[PDB]
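Peer 1: before the rest arrives, take these chains from my complex:
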Amino acid sequence: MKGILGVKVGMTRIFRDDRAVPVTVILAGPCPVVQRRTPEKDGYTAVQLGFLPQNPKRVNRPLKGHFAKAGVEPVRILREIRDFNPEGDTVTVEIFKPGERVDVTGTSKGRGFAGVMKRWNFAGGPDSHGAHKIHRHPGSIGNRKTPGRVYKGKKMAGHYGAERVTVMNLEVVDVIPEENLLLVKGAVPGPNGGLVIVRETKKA
Amino acid sequence: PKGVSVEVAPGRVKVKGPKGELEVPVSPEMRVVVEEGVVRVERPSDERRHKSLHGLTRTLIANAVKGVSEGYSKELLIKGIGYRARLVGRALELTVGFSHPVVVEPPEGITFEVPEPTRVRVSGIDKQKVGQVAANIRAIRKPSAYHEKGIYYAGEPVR
């Protein structure tokens, strides 16, 4: 159940055999496993990789007593990658062979208070003939005396984006073990410089 | 019910013979007995449901007996041109009009023979189980009704 943390670094395309390939580049620095979660102590199994190199200064926390309790140069972030227990002390791009399909998780760019038109690809009014103050409005939201209420979940405008977005099943292209790069099929959430986590898919 | 090894119990009955060993879940409120080299089953009343339950056990048993006696088996014809079947190890492959030969691995307690590519005998200690796998085979290609083709038993052709 491989997995590694990374940062959307950027993307460009590259040429394979004889066709262009849109790739996004994740840098997936050597993640120091920092705790492991057993079926006995924790009740479920997984593994806590750290990520960015941290100033032993800003780690003044009780956090020291964690890194210390596993002798790991203090990282910046650390998330668990459920149901996957490795070896050594660190996970690296090497879990990924080119052609393996991965699911990358990310955090969608944040659009703030979003129009129903942008948030739901709603139709909205007519630029022309009729009224002019409902141009981008959702229009009707209900019925009459029955129900005589709005349904929960009704699509309405408001803070949208900047949320946990997993885009399943992209193809790993050439992984640069050297500079710690991981090449993929482009479609990966959040802005450049964002934390992301890559994993094995569900194809079969 | 002779030459055998019938052994009562609360809700079930152990039936042993050369062939094998069968656990035969019987009603608890029935009374299976063991007269001589044979077996009885007597009923606690004459209520509609005790009768139903009665015969059903008095057969469910007999079957378990003969089941470790001569044992059980069924016969499968495989008519129609192309249609045939090679036995392979334990499980039997069989090509039958499909674009894919069907490999049918054998349930435990079962074993089937292919005397001829056109015939298939299913042997096992257990009626119910035999009967199933039997039909379970006929199923791969039920008998057409516009021409003799596919698996039959040894009963009329639908015509």
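Peer 2: It's in. Residues are numbered from 1 along each chain as shown, chains lettered A, B, ... in the order given.

Peer 1: which stretches of chain B form strands?
Peer 2: Using DSSP state E, the strands of chain B run over B:6-7, B:14-16, B:21-23, B:31-32, B:41-42, B:72-79, B:110-113, B:119-124, B:150-152.

Peer 1: reformat these as TSV; add mean neighbour count and distance to residue A:126.
Peer 2: Backbone N, C-alpha and C define where each C-beta goes, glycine included. Converted to TSV, these look like this (neighbours: other C-beta atoms under 10 Å in any protein chain shown; distance: least, C-beta to C-beta, whole Å):
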stretch	mean neighbour count	distance to residue A:126
strand B:6-7	16	86
strand B:14-16	18	82
strand B:21-23	15	76
strand B:31-32	16	84
strand B:41-42	16	84
strand B:72-79	19	70
strand B:110-113	18	72
strand B:119-124	19	72
strand B:150-152	20	64
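
Peer 1: could you point out which element follows the biggest strand by length in chain A?
Peer 2: Looking across chain A with DSSP E, the single longest strand is strand A:3-16. Remark: after strand A:3-16, the chain's next helix or strand is strand A:19-27, criterion DSSP states H and E.

Peer 1: list the neighbouring strands of that next one plus their orientation.
Peer 2: Partner strands for strand A:19-27, per DSSP bridges, with pairing direction: strand A:3-16 (antiparallel), strand A:181-184 (antiparallel).

Peer 1: can I get those in TSV with distance to residue B:34 and mean neighbour count?
Peer 2: Converted to TSV, the strands paired with strand A:19-27 look like this (distance: least, C-beta to C-beta, whole Å; neighbours: other C-beta atoms under 10 Å in any protein chain shown):
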stretch	distance to residue B:34	mean neighbour count
strand A:3-16	64	17
strand A:181-184	74	23
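
Peer 1: out of those, which is closest to residue A:114?
Peer 2: strand A:3-16 (21.7 Å; C-beta to C-beta).

Peer 1: distance from the chain centre to stretch B:118-129, please.
Peer 2: 6 Å (C-alpha atoms, centre = their mean, to the nearest Å).

Peer 1: one more chain, chain C:
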Amino acid sequence: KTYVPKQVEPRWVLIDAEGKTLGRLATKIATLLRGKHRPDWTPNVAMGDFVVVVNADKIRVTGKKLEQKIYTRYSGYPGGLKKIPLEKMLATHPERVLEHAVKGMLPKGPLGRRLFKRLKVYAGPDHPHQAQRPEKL
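Peer 2: Putting chain C onto the chains we already have gives this:
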């Protein structure tokens, strides 16, 4: 002027569910929950025993229930219907079938719910042994 209880220590109990008709069982568990077998009963107060049940998963139930009986659970939304048949219940978390039926014979207020909290259910046994436990029937 009618007697009125002062504070008291809560009696506990232990029950074995195996073989019990689920409802017939709930009824009692209920009547225990309200301090209602005690003769110094007081409505407004909640001096009920602390009924503890075990071997829930084994609860007998008459007729076709298991298959036939459906548990409605209305989420907030369009088509939040959610019908759950009696079996799926026991098959996954089964304590509920019992819980989901004492809550039912308990009255409705804040007290009712104070009470539902006294009742403690496991399919087991192996309840957190602690002290009291005077088995019943």
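
Peer 1: residues near the closest residue to chain C within chain B, how many?
Peer 2: Residue of chain B nearest chain C, by C-beta to the nearest C-beta: residue B:28 (15.5 Å). The number of residues packed near residue B:28 is 10, by other C-beta atoms under 10 Å in any protein chain shown.

Peer 1: residues touching it, list them.
Peer 2: Each residue near residue B:28 by C-beta atoms under 8 Å, 6 or more residues apart in numbering or on different chains is listed here: B:10-11.

Peer 1: next one: it from chain A, what distance?
Peer 2: With the distance defined as C-beta to the nearest C-beta, to the nearest Å, residue B:28 ends up 41 Å from chain A.

Peer 1: and the helices in chain C?
Peer 2: For chain C, applying DSSP state H gives helices covering C:22-33, C:65-68, C:86-91, C:95-102, C:110-118.

Peer 1: near chain C, which residues of chain A?
Peer 2: Within chain A, the positions near chain C by C-beta under 8 Å from any C-beta of the partner chain are A:151-153.

Peer 1: tell me the contacts of residue A:103?
Peer 2: Residues in contact with residue A:103, defined by C-beta under 8 Å, 6+ apart, are A:166-170, A:198-202.

Peer 1: so how do I select the buried members of those residues in PyMOL?
Peer 2: Buried residues among the contacts of residue A:103 (16 or more other C-beta atoms under 10 Å in any protein chain shown), as a PyMOL selection:
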select buried, chain A and resi 167+170+198+199+200
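
Peer 1: now, which of the contacts of residue A:103 sits nearest residue C:47?
Peer 2: residue A:166 (52.7 Å).

Peer 1: secondary structure class for that closest one?
Peer 2: Under DSSP: H, G, I helix; E, B strand; the rest coil, residue A:166 falls in the strand class.

Peer 1: do I have it right that residue B:133 meets residue B:107?
Peer 2: Yes - with contacts counted by C-beta atoms under 8 Å, residue B:133 reaches residue B:107, the gap being 6.2 Å.

Peer 1: quick one, which of these two is more surrounded?
Peer 2: Between residue B:133 and residue B:107, counting by other C-beta under 10 Å, residue B:133 is the more crowded of the two (21 against 13).

Peer 1: drop RNA strand D onto that structure:
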RNA sequence: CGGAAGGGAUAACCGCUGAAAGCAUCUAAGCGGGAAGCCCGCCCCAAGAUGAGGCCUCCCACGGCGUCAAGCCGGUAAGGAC
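Peer 2: RNA strand D now in position relative to the chains above:
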């Protein structure tokens, strides 16, 4: 990039064995197959789940009134806020 796969339980329906009712029957005891649907599985939210869960880790006694009891006032710890 996605709709799946897959596991499980079922619908009509197809059956294995079998009485009642010597036969016959899918059923009444029992069992197998069987849906884009049900439950799972994937994605997201989520412990105000007041039934407030778990793990790892860091800080740690009293300095004065209330006679047992709940507290009250202060400078602090980790740590947090401005």
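
Peer 1: revisit the contacts of residue A:103 given that RNA strand D is now included?
Peer 2: Shown in contact with residue A:103 (C-beta under 8 Å, 6+ apart): A:166-170, A:198-202.

Peer 1: roughly how far apart are residue C:32 and residue C:25?
Peer 2: 11 Å (C-beta to C-beta, to the nearest Å).

Peer 1: which non-adjacent residue is nearest residue 114?
Peer 2: Looking at chain A here, since you left the chain open. Nearest non-adjacent residue to residue A:114, counting by C-beta to C-beta, 6 or more residues apart in numbering or on different chains: residue A:160, 3.7 Å away.

Peer 1: actually it's chain C I care about, not the one you picked
Peer 2: In space, and not counting its chain neighbours, residue C:114 is closest to residue C:46: 4.9 Å by C-beta to C-beta, 6+ apart.

Peer 1: neighbours around the one you found, how many?
Peer 2: Neighbour count for residue C:46, taken as other C-beta under 10 Å: 17.

Peer 1: correct me, but it touches residue C:113?
Peer 2: No - the pair residue C:46 / residue C:113 is not scored as a contact, 10.0 Å apart, by C-beta under 8 Å.

Peer 1: now narrow the contacts of residue A:103 to whatever sits close to RNA strand D.
Peer 2: Applying C-beta under 7 Å from any atom of the strand to these, one finds that A:166-170, A:202 fall near RNA strand D.

Peer 1: a markdown table for these, including distance to residue C:123?
Peer 2: A markdown table is the format used below for these (distance: C-beta to C-beta, whole Å):
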| residue | distance to residue C:123 |
| --- | --- |
| A:166 | 36 |
| A:167 | 42 |
| A:168 | 38 |
| A:169 | 41 |
| A:170 | 45 |
| A:202 | 33 |
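
Peer 1: which of the residues you listed sits closest to residue A:186?
Peer 2: The closest of these to residue A:186 turns out to be residue A:170 (C-beta to C-beta; 7.5 Å).

Peer 1: just checking, the closest one is part of a helix?
Peer 2: No - judged by three-state DSSP, residue A:170 forms no part of a helix; its state is strand.

Peer 1: name the nearest residue to it, sequence neighbours excluded.
Peer 2: Spatial nearest neighbour of residue A:170, chain neighbours left out: residue A:185 (3.8 Å); criterion: C-beta to C-beta, 6+ apart.
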